[PDB]
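Both ligands and their constituent atoms are indexed starting at 1 by order of listing. First the proteins, then the strands, lettered A, B, ... as listed; each starts at 1.
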Protein chains: 2
Amino acid sequence: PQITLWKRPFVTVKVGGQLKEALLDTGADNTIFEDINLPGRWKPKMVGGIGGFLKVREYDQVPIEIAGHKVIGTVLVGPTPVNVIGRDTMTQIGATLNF
Amino acid sequence: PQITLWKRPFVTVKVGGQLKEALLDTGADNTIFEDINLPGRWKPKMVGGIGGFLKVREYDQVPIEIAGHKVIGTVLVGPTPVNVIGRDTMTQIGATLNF
Ligand SMILES: CC(C)CN(C[C@@H](O)[C@H](Cc1ccccc1)NC(=O)O[C@H]1CCOC1)S(=O)(=O)c1ccc(N)cc1
Ligand SMILES: CC(C)CN(C[C@@H](O)[C@H](Cc1ccccc1)NC(=O)O[C@H]1CCOC1)S(=O)(=O)c1ccc(N)cc1
Ligand SMILES: [Cl-]
Ligand SMILES: [Cl-]
């Protein structure tokens, strides 16, 4: 797709085969969801945002699909106010910013 | 330009007569700079993200030079860890995400 930015750029995303929504966020290094339930053990991880630093759960090698693109990546789960697709995943799907 | 996302997408912009670097940020509703002097009146606002909220000054109808274009729009000013160009400004230069 080619999408403009008048509204928040949410996409449908299948993450661990569960159907969710998340914001394509070129300012996010990492991809983070609030309450998807991914199976298994996870690694503690820290992420930083406008307000400070949060402790999140890092789940490795998680399947993610966006726009027909099926990728394997790292997905954080933590108290983010909105689900975000970060640059890690966006480079895997060949996403670019254009103007 | 077509910007890939293997690194953080910084651009140089002019604001308040000064050259500043800012992150092209499709997750940011509005543009925010740290430490700039703008002349008009401002209004106090708050923005939220990862780790909580940030107090900013909202200046309305401010010029920014980004790429080759004069964009007039809202600019927020506050102690953001990184300057960001948000959707409010990117929409005015017809920026799009492509994937
Ligand atoms: C640029 C904003 C962050 C300033 N604001 C918040 C204030 O905490 C602000 C925090 C701050 C100080 C210095 C640099 C950067 C930030 N301290 C402040 O300036 O005092 C200083 C000047 C000398 O002594 C103490 S604000 O404009 O006052 C305000 C208040 C409430 C809301 N909702 C919105 C804005
Ligand atoms: C969380 C999104 C929805 C909103 N933020 C934009 C995001 O791109 C934000 C940009 C940023 C980069 C580095 C340090 C600080 C902030 N990155 C971010 O948090 O990266 C996290 C999530 C995964 O990787 C790490 S914002 O900064 O809170 C924000 C809110 C409102 C306005 N007007 C402008 C900015
Ligand atoms: Cl256990
Ligand atoms: Cl700068």
The single option from B/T89, B/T74, B/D25 passing side chain to side chain donor-acceptor pair (under 3.5 Å) against B/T31: B/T89
Atoms in ligand 1 with a heavy atom of B/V77 nearer than 4.0 Å: 1 (C)
Numbered atoms of ligand 1 (with element) below 4.0 Å of B/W42, judged on heavy atoms: 27 (O)
A/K43 with A/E58: basic N within carboxylate O range, under 4.0 Å: no
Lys/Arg N to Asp/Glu carboxylate O, B/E65 vs B/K70, below 4.0 Å: no
Looking at [atom], is any protein heavy atom nearer than 4.0 Å to it?
atom: atom 11 (C) of ligand 1; answer: no
atom: atom 27 (O) of ligand 1; answer: yes
atom: atom 16 (C) of ligand 1; answer: yes
atom: atom 34 (C) of ligand 1; answer: yes

From the candidates B/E58, B/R57, B/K55, the one that places a heavy atom nearest atom 6 (C) of ligand 1: B/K55
Pairwise salt bridge (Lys or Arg N to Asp or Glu O under 4.0 Å) hits with a residue in residues 79-97 of chain B, at least two apart: B/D29-B/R87
B/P79 and ligand 1 - part of the residue with a heavy-atom distance under 4.0 Å: side chain
Residue portion contacting ligand 1 (non-hydrogen atoms closer than 4.0 Å) for B/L54: neither
Contacts of type side chain to side chain donor-acceptor pair (under 3.5 Å), residue B/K14, not counting sequence neighbours: none
ILVMFWY cluster, A/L24 and A/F10 together (side-chain gap under 4.5 Å): no
A/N83 side chain to A/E34 backbone, donor-acceptor under 3.5 Å: yes
